[PDB]
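Novice:
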Amino acid sequence: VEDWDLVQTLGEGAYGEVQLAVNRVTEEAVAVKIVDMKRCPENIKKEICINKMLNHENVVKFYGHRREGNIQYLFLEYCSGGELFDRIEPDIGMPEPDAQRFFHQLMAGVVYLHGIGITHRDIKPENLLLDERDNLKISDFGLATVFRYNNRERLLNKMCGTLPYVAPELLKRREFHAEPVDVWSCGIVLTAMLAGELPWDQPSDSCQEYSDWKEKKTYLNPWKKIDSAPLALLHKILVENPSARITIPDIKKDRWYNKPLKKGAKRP
Ligand SMILES: C[C@@H](O)CNc1ncnc2[nH]c(-c3ccccc3)c(-c3ccccc3)c12
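Here you go:
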């Protein structure tokens, strides 16, 4: 019931590689993130320890781990749908109703995380996995960390993530709040789903495309493909000052967020 055959190598992280793992008698398929700590006892010890806390429907479940000398094995909910990256066609994005549905589920997980005091720190379509019913699942807590413990917030100073999805305060300020950095990356994800392209390489004044966004030139490419209603949400999310930036409770009160677009399940 636990003799796990490694059926087919499924993907490849920078740290190691994932394999599909189907059981003998039950056939319960799981994902097995495999990382050689030599090829450490801390960077992956924090990923497991955060994972042990996490239990949400929009967060890749963590089943267990095993030590195995040098290599560590992370046993995680299998998402047969793959990445949300592959449901975004270049230069178009995806149907607006699918975007809104994925965004509702992205906010649900991110709220949950922020409630248990942790921040993902690297939200992007590659780390957002769909299951078999296409439900979204926040993946990879390798860069995640505690920003709140015993009801006291601590600020972040470690710079990390992916440059196009990273918030501007991450580059300028010495220290910053965690939650608005996640909101920013979620707003970049919305842009990708609706436009099929990333707006810029990084939110730095040395980047022309970021300065054009700050000048409200929404006649240029990423933003011209979008639509007033969702674009107005992105206007409230992609605000340079993280204090002025919209918070998740207020994203839930947004017009487009609560605009009805998508039907129910076909014959279910
Ligand atoms: C840190 C982990 O959560 C990432 N791995 C997964 N974990 C749980 N479920 C997963 N499903 C996939 C997947 C990859 C490609 C096709 C279908 C599924 C994967 C997957 C996706 C991309 C690369 C490697 C594995 C996956």
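Residues 6 to 44, 48 to 276, numbered by the authors' numbering, are exactly what the sequence shown covers, in order. Using N, Cα and C, we set each Cβ at its ideal position, and we do this for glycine too.
(1) Return helix, strand or coil for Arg-253, following the three-state DSSP convention.
(2) DSSP puts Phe-110 in a beta bridge; with which residues?
(3) Less than 8 angstroms between C-beta atoms, sequence neighbours within five positions excluded: which residues of the same chain meet that for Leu-202?
(4) The beta strand (DSSP E) that contains residue 45, what's its start and end?
(5) Compare the C-alpha of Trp-231 against each of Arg-263, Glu-248, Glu-134, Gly-195 and name the closest.
(6) Suppose the cutoff is 6 angstroms on Cβ atoms and the five residues either side in sequence are ignored; what does the same chain contact list for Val-12 look like?
(7) Is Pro-133 closer than 8 angstroms to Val-197 when the C-beta atoms are compared?
(8) Check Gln-80 in the structure and name its three-state DSSP category.
(9) Just list the residues that DSSP pairs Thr-127 with in beta bridges.
(10) Beta carbon of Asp-148: closer than 7 angstroms to some heavy atom of ligand 1?
(11) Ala-175: buried (16+ other C-beta within 10 angstroms of its C-beta) or exposed?
(12) Using 7 angstroms as the cut-off, classify the Cβ of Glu-91 as near or not near the heavy atoms of ligand 1, replying yes or no.
(13) Beta-carbon within less than 6 angstroms of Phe-110's beta-carbon, same chain only, minus the 5 sequence neighbours each way: which residues are those?
(14) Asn-63 by DSSP, collapsed to three states: which one?
(15) At the level of alpha carbons, what is the spacing between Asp-41 and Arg-74?
(16) Grouping DSSP H, G and I as helix and E and B as strand, with all else coil, what is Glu-97?
(17) Using the DSSP secondary-structure output, state which residues sit across from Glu-161 in a beta bridge.
(18) Grab me the residues of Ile-52's own chain with a C-beta within less than 8 angstroms of its C-beta, minus the 5 sequence neighbours each way, in chain order.
(19) By Cβ distance below 6 angstroms, which residues in the same chain neighbour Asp-220 in space, the five residues on each side in sequence not counted?
(20) Any contact of the segment 157-175 with the segment 111-118, i.e. 3+ C-beta pairs under 8 angstroms?
(21) Whole angstroms is fine: what's the gap from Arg-275's alpha carbon to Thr-153's?
(22) Ends of the alpha helix (DSSP H) at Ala-237?
(23) Check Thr-226 in the structure and name its three-state DSSP category.
(24) Which of the three DSSP states is assigned to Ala-19 in this structure?
(25) Can you look up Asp-10 in the DSSP assignment and give me helix, strand or coil?
Specialist: In short, the structure shows the following:
(1) Against the sequence shown, residue 253 aligns to sequence position 245. Correct three-state label for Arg-253: coil.
(2) Along the sequence shown, one-based indexing puts residue 110 at 102. Answer is none; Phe-110 lacks a bridge partner.
(3) Within the sequence shown, numbered from 1, the residue matching residue 202 stands at position 194. Excluding residues within five positions, the ones whose Cβ falls inside 8 angstroms are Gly-101, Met-102, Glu-104, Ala-107, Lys-233, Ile-234, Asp-235, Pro-238.
(4) For residue 45, no position is available: the coordinates of the chain end at 44 and pick up again at 48.
(5) Along the sequence shown, read from residue 1 onward, the residue named residue 231 stands at position 223. Out of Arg-263, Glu-248, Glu-134, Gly-195, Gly-195 has the C-alpha closest to the C-alpha of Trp-231.
(6) In the sequence shown, the residue the question calls residue 12 occupies position 7. Result list for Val-12: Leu-25, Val-27, in chain order.
(7) As a position in the sequence shown, residue 197 is number 189, starting the count at 1. As a position in the sequence shown, residue 133 is number 125, starting the count at 1. Yes. Within cutoff.
(8) As a working mapping, residue 80 is identified with position 72 in the sequence shown. Residue state, collapsed to three classes: strand.
(9) The sequence position of residue 127 within the sequence shown is 119, counting from 1. Bridge partners of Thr-127: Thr-153.
(10) As a first step, residue 148 is located in the sequence shown; it is residue number 140 there, counting from the start. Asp-148: yes, Cβ under 7 angstroms from ligand 1.
(11) Mapped onto the sequence shown, residue 175 falls at position 167. Classification of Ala-175: buried, given that the 10 Å Cβ count is 16 or more.
(12) As a working mapping, residue 91 is identified with position 83 in the sequence shown. Yes.
(13) On the sequence shown, position 102 is the one that residue 110 refers to. Answer for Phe-110: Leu-144, listed in chain order.
(14) Here residue 63 is taken as the residue at index 55 of the sequence shown, counted from 1. Here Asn-63 sits in coil by DSSP.
(15) Here residue 41 refers to the residue found at position 36 when the sequence shown is read from its first residue. Here residue 74 refers to the residue found at position 66 when the sequence shown is read from its first residue. In a straight line, the C-alpha of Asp-41 is about 12 angstroms away from that of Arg-74.
(16) As a first step, residue 97 must be located in the sequence shown, where it is residue number 89. Strand at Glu-97.
(17) Here residue 161 corresponds to residue number 153 of the sequence shown, with the count starting at 1. BP columns for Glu-161 point to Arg-156.
(18) The residue labelled residue 52 in the question sits at position 44 within the sequence shown. Excluding sequence neighbours, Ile-52 sits near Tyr-20, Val-40, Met-42, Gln-80, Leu-82, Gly-150.
(19) In the sequence shown, the residue the question calls residue 220 occupies position 212. Cβ neighbours of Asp-220 beyond the five flanking positions: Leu-228.
(20) no
(21) Indexing the sequence shown from 1 puts residue 275 at position 267. Indexing the sequence shown from 1 puts residue 153 at position 145. Near 41 angstroms, if we compare the C-alpha coordinates of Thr-153 and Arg-275.
(22) Translated into positions along the sequence shown, residue 237 becomes position 229. 236-245 is the extent of the alpha helix (DSSP H) around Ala-237.
(23) In the sequence shown, the residue the question calls residue 226 occupies position 218. Note: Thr-226 maps to coil in three-state DSSP.
(24) By one-based count along the sequence shown, residue 19 stands at place 14. Coil.
(25) As a position in the sequence shown, residue 10 is number 5, starting the count at 1. Three-state DSSP puts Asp-10 in a strand.
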